[PDB]
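Contents: one structure, followed by commentary.
In each ligand, atom 1 is the first atom listed, and ligand 1 is the first ligand listed. Side-chain atoms are counted along with the backbone in the values below, which use heavy atoms only and exclude waters and symmetry mates. Chain identifiers are assigned alphabetically (A, B, ...) following the order of the sequence lines, protein sequences preceding nucleic acid strands; residue numbering begins at 1 within each chain.
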Amino acid sequence: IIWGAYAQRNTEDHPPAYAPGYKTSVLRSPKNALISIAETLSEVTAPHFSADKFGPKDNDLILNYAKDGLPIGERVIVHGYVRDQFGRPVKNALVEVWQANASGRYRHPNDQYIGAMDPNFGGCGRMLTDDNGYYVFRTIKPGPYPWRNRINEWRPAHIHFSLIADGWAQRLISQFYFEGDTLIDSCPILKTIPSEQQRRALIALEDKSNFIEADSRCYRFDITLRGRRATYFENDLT
Amino acid sequence: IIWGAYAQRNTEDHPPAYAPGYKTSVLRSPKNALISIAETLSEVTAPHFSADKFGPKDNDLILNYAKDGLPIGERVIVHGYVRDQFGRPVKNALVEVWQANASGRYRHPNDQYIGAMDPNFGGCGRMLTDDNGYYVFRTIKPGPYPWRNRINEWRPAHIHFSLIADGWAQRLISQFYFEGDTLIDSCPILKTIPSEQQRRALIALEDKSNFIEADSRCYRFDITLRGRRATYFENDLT
Amino acid sequence: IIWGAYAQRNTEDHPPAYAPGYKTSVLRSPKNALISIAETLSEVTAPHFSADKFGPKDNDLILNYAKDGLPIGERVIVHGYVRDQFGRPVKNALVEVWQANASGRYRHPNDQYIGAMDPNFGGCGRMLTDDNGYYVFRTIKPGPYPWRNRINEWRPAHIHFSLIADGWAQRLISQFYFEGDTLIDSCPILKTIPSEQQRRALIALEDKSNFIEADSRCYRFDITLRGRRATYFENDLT
Amino acid sequence: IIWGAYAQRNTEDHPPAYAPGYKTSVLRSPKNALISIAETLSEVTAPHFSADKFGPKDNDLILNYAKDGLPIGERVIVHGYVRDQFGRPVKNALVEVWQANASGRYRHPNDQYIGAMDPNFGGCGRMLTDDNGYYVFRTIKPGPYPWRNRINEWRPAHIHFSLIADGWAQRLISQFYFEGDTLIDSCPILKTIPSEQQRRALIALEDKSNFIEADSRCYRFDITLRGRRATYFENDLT
Amino acid sequence: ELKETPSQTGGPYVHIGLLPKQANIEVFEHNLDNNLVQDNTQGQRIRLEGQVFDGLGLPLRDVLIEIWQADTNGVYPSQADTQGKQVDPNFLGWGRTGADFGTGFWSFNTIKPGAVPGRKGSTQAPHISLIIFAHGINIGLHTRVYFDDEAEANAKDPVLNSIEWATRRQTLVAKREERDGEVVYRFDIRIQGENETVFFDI
Amino acid sequence: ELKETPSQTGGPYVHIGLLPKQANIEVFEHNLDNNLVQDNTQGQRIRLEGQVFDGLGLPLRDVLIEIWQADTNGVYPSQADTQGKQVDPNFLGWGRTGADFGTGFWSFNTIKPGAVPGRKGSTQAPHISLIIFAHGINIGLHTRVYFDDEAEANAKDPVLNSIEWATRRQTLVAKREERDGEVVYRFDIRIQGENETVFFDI
Amino acid sequence: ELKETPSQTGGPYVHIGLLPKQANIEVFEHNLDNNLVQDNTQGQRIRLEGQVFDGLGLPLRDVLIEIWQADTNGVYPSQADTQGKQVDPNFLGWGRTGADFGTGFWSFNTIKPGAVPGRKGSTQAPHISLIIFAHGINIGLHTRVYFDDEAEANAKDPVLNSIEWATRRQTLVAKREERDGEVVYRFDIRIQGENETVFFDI
Amino acid sequence: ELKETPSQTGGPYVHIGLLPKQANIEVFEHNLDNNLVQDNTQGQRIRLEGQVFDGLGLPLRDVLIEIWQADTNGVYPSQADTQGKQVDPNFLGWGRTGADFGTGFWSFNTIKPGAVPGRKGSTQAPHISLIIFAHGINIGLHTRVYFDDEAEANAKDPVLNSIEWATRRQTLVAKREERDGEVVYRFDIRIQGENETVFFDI
Ligand SMILES: [Fe+3]
Ligand SMILES: [Fe+3]
Ligand SMILES: [Fe+3]
Ligand SMILES: [Fe+3]
């Protein structure tokens with residue numbers, strides 16, 4: 001098996017750069033169209049991170065910052081699989097997540113929301129996918145976050161995530177939401193995605209058989225990255 | 001019968017100038033709105049071309065450039081009628097066409113596609129419509145053409161055409177496609193047209209009863225130009 | 001695992017021998033019903049062909065007969081999987097294909113069609129399926145072929161294929177077509193197949209994510225052969 | 001305008017030769033498929049009949065055989081247009097008709113039905129279509145006719161017609177029926193036609209605005225013949 | 001576009017309307033018939049005759065036959081003939097006949113046709129186009145009659161050579177005979193079975 | 001009623017079909033071009049030239065331009081002209097050209113047009129109607145070229161005065177120059193941005 | 001569960017892809033053919049030949065035939081053979097051929113196969129499995145060739161005895177002949193009609 | 001086939017998760033950062049720095065940047081590199097940084113990369129691939145940094161030459177400076193407007 005380039009990104013499956021309803025994008029979106037290039041070794045390669053450097057609680061947002069006690073909020077486990085567009089598992093990909101606490105408050109200098117800070121919650125974690133492309137982390141469900149777009153804008157509860165996998169072309173940052181949240185229908189940020197089926201691809205599903213009795217609930221969320229094509233005739237990559 | 005102005009162009013039946021999905025339009029589209037003007041003799045007149053100056057094979061793309069043999073590819077006849085929006089035939093209009101060869105390769109200095117060139121195909125023709133507004137030409141069906149918009153963009157098979165008819169206001173250049181081509185659904189250029197019914201107005205239909213046995217297939221394609229209104233009261237044109 | 005016989009061929013999933021609309025079948029179809037027999041070693045065995053005897057361009061119809069240049073026509077890659085009716089991959093099966101050129105002209109003594117011959121195209125290839133039952137070949141899309149059944153009969157574009165796999169009972173020759181071709185609906189040969197779902201099983205699907213930019217398009221086509229049952233009680237085969 | 005061949009007859013729009021439900025066809029249908037040929041002057045030419053040789057009552061079946069009085073039965077006028085498949089009128093075509101009388105009795109030596117003979121009815125007429133392809137004749141509505149196929153078979157009321165027009169290839173004999181006749185649904189002869197829309201093409205429609213008060217009713221029935229294609233490139237006919 | 005009106009059998013009484021005289025019906029002053037020879041018609045007079053047999057070998061006694069052919073110089077008396085040559089002015093080129101109710105024999109009095117141009121510069125051998133209608137026949141059956149004394153012409157005929165079964169070509173060749181000064185060509189038609197006559201879709 | 005066939009870009013190879021010679025294709029004996037002056041054409045000869053710029057200020061080297069204008073006396077060589085005056089018989093009134101692939105300059109050899117009647121008794125100043133087609137341009141862009149030496153006429157032109165932004169009117173005025181005896185009018189077109197040329201929906 | 005891909009005719013040019021040499025196409029270095037005898041192959045050499053006839057008794061000149069058989073000891077050169085005996089290592093067991101375009105004769109050079117076990121302890125008489133593909137044949141037609149000199153074995157063959165019409169069994173028996181030292185078995189196939197060859201659904 | 005998970009902005013607090021130290025969060029023992037130089041790393045040390053500006057020319061103080069590059073010999077520390085050459089074992093090839101909240105300056109300490117093979121036998125000039133994420137940016141913006149002292153290499157670079165607007169190529173060239181013995185390359189990014197940096201769809 002000789003690998004060729006990643007399949008082209010389907011721009012219609014993603015938000016456009018200029019999206020007037022999300023006001024900050026107006027001045028931070030290029031006026032010129034992106035220039036598409038044919039891929040080289042630069043685009044199909046990516047770094048490797050070693051499992052040895054990860055701490056034991058790096059995927060446990062409930063405990064990795066707990067000092068005097070446990071954080072306040074809903075205990076939830078999130079898991080799923082990362083695969084490429086042709087369905088192949090993405091192994092040893094670096095998954096990083098960040099979020100607000102149960103009050104909808106971020107532990108960030110620039111967040112002045114009145115929702116209370118939790119001295120026992122940090123809000124960031126990371127993990128590597130396994131050989132099946134599986135990942136799992138535990139956290140506190142974040143509360144919805146009010147922000148200034150229109151004056152009374154509110155983000156649905158959400159968790160930010162980032163993936164660095166096999167090729168630089170697969171680099172991706174996004175956010176997932178929780179099944180049933182009514183703010184999902186009103187969010188200008190989620191509405192920058194043009195199609196309904198794609199907005200639904202960011203909603204984590206309640207996974208009731210995987211709840212742990214008298215302990216935690218569970219959400220299932222899978223992620224799809226760009227996939228590489230195989231070459232059977234000329235190999236122009238190099 | 002005293003003729004007045006052409007009916008207004010219905011801008012909603014045409015692509016807009018700025019169409020981000022067709023990247024080259026981003027810098028080649030005016031920022032200002034077009035200025036509509038009331039028509040004068042300048043807009044309702046147009047040149048006349050004489051039938052005497054047309055060669056015998058000008059509408060025969062299979063033979064008008066053949067040197068050592070016939071071009072390679074699917075032999076097809078294309079015919080139809082040109083009428084104005086009120087259904088009147090457009091007589092003696094100049095119809096010019098151009099296209100790629102069977103490989104999807106244009107005989108143009110700037111085309112570096114690897115699809116093979118055909119030494120016996122030129123790719124351009126012209127004809128005048130008759131008194132019924134009828135036209136007919138013969139050609140080789142063009143192959144789909146890969147181009148750089150997104151990196152893996154492919155034009156459906158298509159033939160470019162241009163009409164110079166009775167009034168300068170009717171001046172029009174467009175492209176038609178072939179019934180059934182699956183790339184029609186993915187083309188960013190065809191998608192600049194806002195409505196579905198208008199995208200369908202550019203698809204030539206298979207005309208099976210007009211196939212010529214053991215020789216050529218046939219496609220039917222009609223064209224509609226702007227039509228003039230008649231004046232029955234004041235004549236302000238002049 | 002002890003193997004028993006192949007499952008019975010479902011005659012209703014295949015064309016009948018006598019099919020009046022395909023005129024040549026009238027005198028070349030048996031009058032007597034076929035005699036069904038219980039299988040023996042003769043029917044469940046088949047030859048083995050060695051990979052060592054295949055040339056490097058045997059599955060590359062674009063280059064395996066090119067002398068002075070490339071053939072004219074649409075560059076397309078066709079790939080898919082061969083499996084048996086129970087979904088198991090068919091490994092190391094011999095797949096042979098043949099077709100007309102871009103003009104709809106066969107390189108065969110008996111073909112007098114006026115569509116032009118291509119000195120750089122042969123029209124035949126072969127390959128062995130791999131361990132996953134996968135095959136891939138590259139070719140020029142063939143043009144539709146006029147023939148004499150009714151006087152103006154036209155075959156849709158098509159590629160003939162043949163499989164010799166694990167058992168003589170799986171021996172099969174057929175033809176596949178290309179998504180969207182309007183002649184598919186009119187072909188008397190495709191209409192000898194009684195059911196609609198089976199006629200659809202012969203249409204190769206456009207596989208857009210597998211197109212190779214500025215190079216070739218791609219069609220996906222899978223094939224299903226008869227499958228063997230396993231024996232768990234008496235073994236009557238021998 | 002240089003004319004080429006007639007369009008191919010669409011065999012699926014006509015009854016097959018072998019139709020077991022119409023018993024007489026079993027021994028009078030060829031076993032071999034018809035041989036399709038490309039047309040020559042022989043097939044595109046046909047005779048001309050002169051208007052001068054037609055009598056004044058040739059299209060008046062009510063009076064052309066009346067001796068002592070008028071025939072008994074329902075006075076009806078039948079009219080319509082004859083056109084080719086491309087919608088062009090068929091001018092000066094010879095239309096001949098024949099039918100049974102009001103009792104369902106034919107004036108033929110071989111008809112022994114007990115329905116009464118009418119000494120004032122003959123049952124045959126003829127006319128030439130005019131320049132618009134129009135024809136009109138007057139007759140007595142025929143009664144349904146019992147015959148021996150299955151023992152209790154009954155033909156719906158019907159009138160036989162024959163056309164000799166511009167080309168021998170258009171030669172056609174058929175039968176039309178009357179709107180509403182319940183026997184239309186049971187006739188094995190009408191059921192030899194495979195499609196429903198074609199069976200409906202033989203039903204004459206009641207034309208109430210054209211009834212002549214206190215005199216006759218009226219049925220409208222149009223006929224479509226094969227049409228010639230025009231030639232714009234090579235003329236191989238000769 | 002419109003579909004052709006579908007064909008239906010002529011039925012057993014096809015004579016009432018196409019040959020009223022054979023049915024004993026006198027409604028028309030001028031009647032169409034099987035005699036294509038007028039007094040000034042040019043060319044050699046021939047009689048064409050035969051029978052039509054069903055699949056059990058029995059003659060059809062209810063069959064109606066028509067023929068269409070060119071004049072002595074190979075020109076059709078039709079506005080659609082594009083040869084630019086003058087046609088025999090005393091020639092209709094068409095006739096109609098029915099088989100005798102008792103015996104099944106049919107016949108025409110006509111002229112032997114001249115050769116007619118074929119497609120793409122070819123020449124067709126002399127032939128008469130023939131169509132058969134009858135009870136049991138859903139669509140008129142088209143065939144052609146060639147002549148056994150035109151061996152060289154037949155060998156080069158485009159249509160005859162387009163029939164791949166060389167043995168079937170012979171079913172289209174009428175046999176010349178000479179009954180008391182008259183030239184007769186015998187052409188029997190076998191609708192079904194052994195030696196089945198070739199029928200064409202034209 | 002029918003809808004107009006929707007426009008589509010001419011694409012980057014618009015030369016194959018509209019100016020085969022610029023693509024190095026010799027299929028036609030008589031070819032259309034950018035020279036509207038025949039030997040007996042009346043009027044003063046002028047050369048019209050310029051470049052077409054995109055929104056970053058770069059010239060389009062794949063653009064196709066056509067012009068349409070009246071003769072020296074303000075009469076169009078069109079059956080639709082209703083002035084009742086005779087038009088110069090040696091004048092087509094139309095030409096087509098492409099920009100030079102390397103430099104982007106385009107040009108026409110024509111005649112300076114006479115004034116043409118405007119609506120409701122008005123008089124239009126001398127002008128040439130121009131249309132631009134190119135890859136990226138979905139619908140041909142219409143504009144007009146007026147002449148800077150026709151100041152009094154321009155001041156009274158109905159179309160120019162219907163443009164409310166007085167500053168935009170100037171984008172439609174070509175500058176007269178005199179290169180060695182020849183009269184040249186320079187007209188640059190800016191499709192987008194600062195000093196964007198006025199385009200019309202006609 | 002999936003349905004088998006439906007069969008379609010091989011069509012008239014089945015040679016381009018299955019026997020490129022017969023079509024005059026040299027694309028492959030190693031080509032498949034009708035010779036199953038290698039120099040060290042064990043067993044008695046025989047030639048198998050015949051013609052394939054359509055329903056009018058004419059030979060098919062566009063037919064493609066393949067055969068599949070066991071070696072001299074009745075063992076198939078297939079991993080699916082479960083006899084536990086070693087197969088002749090210099091034997092493919094399969095060949096393909098086309099009829100001669102002019103005459104319609106086809107032939108194979110092979111070895112006479114040894115007897116192969118039948119179901120439930122039975123023994124099958126020596127036979128070659130044969131399949132026919134051609135224009136007009138919608139699904140490859142399977143049949144078997146037995147040998148007339150194996151009378152005792154044929155009488156006990158399970159498959160032959162499962163054909164109830166004793167008279168049809170004979171259509172599956174090839175006739176041994178001896179052309180100048182060589183053993184030839186003649187096997188003609190009649191696709192339709194009198195003496196129609198038995199075809200199997202296997 | 002599946003569709004790619006759709007992108008969403010990183011939002012204003014993208015630091016909590018990608019650079020917890022800049023947010024004052026100590027959860028990880030080993031943290032990722034902007035220093036790609038380890039003590040034994042081979043090659044010339046350079047500092048890459050600049051600011052990112054919005055469409056009004058103001059620097060983004062909430063932007064997150066990552067870079068990906070080859071080692072000193074043009075080999076990527078990735079299993080997907082197929083050059084068959086050994087990569088510098090003390091080089092991750094990647095780093096991440098955030099702009100200073102007050103000033104907006106960002107920087108990386110890395111090595112100047114060696115040239116990497118381009119497609120079809122070509123050679124790419126030395127470059128670093130860079131991606132930008134921020135509140136308001138819906139999809140990470142990809143660009144490349146070339147070096148102004150690599151003039152000959154840049155002139156032959158496939159990607160730079162594929163940008164048709166020659167004037168836009170310059171936005172991808174960082175300027176070499178020498179601050180007290182250290183080599184610094186200044187690369188400012190303009191997301192929108194005049195001199196807008198070229199961004200790629202890779
Ligand atoms: Fe009747
Ligand atoms: Fe194009
Ligand atoms: Fe074929
Ligand atoms: Fe957030």
Q: Start with the C-alpha distance between A/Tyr22 and H/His135, add both sets of side-chain angles, then the distance that settles ring-ring contact (aromatic ring centres under 6.0 Å, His included), and finish with yes or no.
A: CA-CA 10 Å; A/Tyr22 169 17; H/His135 178 36; 5.6 Å; yes
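Checking B/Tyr106 against the Fe ion (ligand 2), an N/O/S atom falls under the 2.8 Å cut-off.
Restricting D/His160 to its N/O/S atoms, the shortest distance to the Fe ion (ligand 1) is reached by NE2. The atom of B/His158 that is an N, O or S and sits closest to the Fe ion (ligand 2) is NE2.
The distance between the ring centers of F/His15 and F/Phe101 falls below 6.0 angstrom. A centroid separation of 6.0 Å or more is found between the aromatic rings of B/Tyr219 and B/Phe176.
A salt bridge is defined here as a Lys NZ or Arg NE, NH1 or NH2 lying under 4.0 Å from an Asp or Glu carboxylate O, and A/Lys141 with A/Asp181 fails to meet this definition.
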